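First, one chain by itself in structure tokens, the form deposited in one PDB entry.
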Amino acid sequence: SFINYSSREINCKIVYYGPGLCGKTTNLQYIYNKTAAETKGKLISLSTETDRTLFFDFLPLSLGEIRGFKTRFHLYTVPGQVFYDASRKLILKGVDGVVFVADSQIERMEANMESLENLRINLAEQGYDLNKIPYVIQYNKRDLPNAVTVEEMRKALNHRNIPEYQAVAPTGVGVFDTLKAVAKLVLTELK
């Protein structure tokens, strides 16, 4: 979404979205911890009285070039409990790709559906269509005993059959598979 014509880099924004405490910070921290130090910037936590943000950027060395430009990935999330919907509206500004992180716990299903509809509403207000943008869903907390089946989560949250990944974010299970999937969809859009 942002071209740096001098440093010859395409900057793209990947937003991790989902209900409070679903595992968005965990995904970003795990990715950050496993990313080579020379390819990434700092892990930045931003806080105000009203809102919170967690983000970082990285330039993967493995990737080629799109018309002589290298692609830099910026991973953004609104962590924890959200008190103002404005922060979820702000996080989506200039989004290139979205990872919806669903909390697999039975007690968080209503929250997952509320957040997924909130994502659709906030994207539409900015001229983005959730059915057309690079978008992947992660069924997080697969380790917990109170987790709903993959079939129940698919039926409730993935009617359009978009890429889905089962994860246990603290151990990194499914974390890089979710990231690689949305990043590939973003690169295809850029090409």
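One-based numbering along the sequence shown. Shifts are known only where both forms have a C-alpha. For clarity, a rigid core is taken as the largest C-alpha set superposing within 1.5 Å between two forms.
The discussion below concerns the form deposited in another entry, not included here.
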| request: Can you spot, among 82, 109, 119, 95, the one with a CA shift of 2 Å or more between this form and the one not shown after core superposition? | output: 82
| field | After fitting the core, residue 51 CA displacement of 2 Å or more between this form and the one not shown | value | yes
| field | Cα distance between residue 51 and residue 107, which in that other deposited form differs by 3 Å or more from this form, closer or farther | value | closer
| Closer or farther in that other deposited form: C-alpha pair residue 122, residue 50 (3 angstroms or more) | farther
| Mind listing the moving segments between this form and the one not shown, meaning three or more residues in a row, each Cα shifted 2 angstroms or more, core aligned? | 47-52, 79-84
